[PDB]
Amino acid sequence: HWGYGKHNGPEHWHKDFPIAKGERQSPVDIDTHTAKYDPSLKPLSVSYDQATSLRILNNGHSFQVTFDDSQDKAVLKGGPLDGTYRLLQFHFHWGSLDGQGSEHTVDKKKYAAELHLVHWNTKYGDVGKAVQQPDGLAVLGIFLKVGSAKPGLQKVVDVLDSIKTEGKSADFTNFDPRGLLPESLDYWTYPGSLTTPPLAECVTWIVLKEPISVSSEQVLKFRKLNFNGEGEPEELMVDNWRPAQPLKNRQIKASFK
């Protein structure tokens, strides 16, 4: 089974998921001087006021907060998108040290972590159908750097000790994901893929230029999670990121100058 170790990590994934070598894989390095400003791109519309968080889960590859996606409660619209995308979950990728952890890079710079807010296109009715479509998902990616604390992350950090090992979950209601967003919604966008198996080429990526800052204490709590299940040899959940993949026949567009 796939993971992030020497014998099951990203360089092995293509054996079970041959699309790993496909034409629109993620993440990628964002070369800021080569991204082209597109004046036709609209502002992103992030409408999270009615979000209903449900549960937080350690799935053995990250921790995920899930939302009620049975109605248009927390939706992403505008930007490069046509139609309405419902928020299903968010999760993070992070490093063993502050100089690595992000999936996307910016002029080869790696951030300490990366937040993925995962949304699916309501025209396909459910996320399983959306993953089989080239415009099925929109993932809003937000970089994390280490410095000052992010107060809106603290409720997440404080429950992680209850989901230490793979398969554990907890009720996580009334969490407001607006507390995770930076000031600016300036973004880069490109067509890509899921960054974990099945690596489906179904994602419009929207990566925010402005990182959020989190404290060293907050990221240390991420690094105390375990990849293993309870009772198995402890392997800290760190470095759960896929490296940048070939850009191939794609242009990254910027919403800003």
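All residue numbers are counted from 1 along the displayed sequence.
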property: Entry-level comparison of average CA B-factors, 240 to 248 and 5 to 13, reporting the higher stretch; result: 5 to 13
property: 175 to 183 set against 76 to 84, stretch whose average Cα temperature factor tops the other in the entry; result: 76 to 84
property: Deposited CA B-factor, highest of 71, 105, 89, 132; result: 71
property: Member of 216, 34, 62, 204 with the greatest C-alpha B factor (per the PDB record); result: 34
property: Residue 157 - which third its CA temperature factor falls in, relative to the rest of the chain; result: highest
property: Assigned third (lowest, middle, highest) for the C-alpha B factor of residue 167; result: highest
property: Third of chain Cα B-factors occupied by residue 57; result: highest
property: Within-chain third of residue 125 by Cα B-factor, per the entry; result: middle
property: Record-listed C-alpha B factor of residue 51: chain third; result: highest
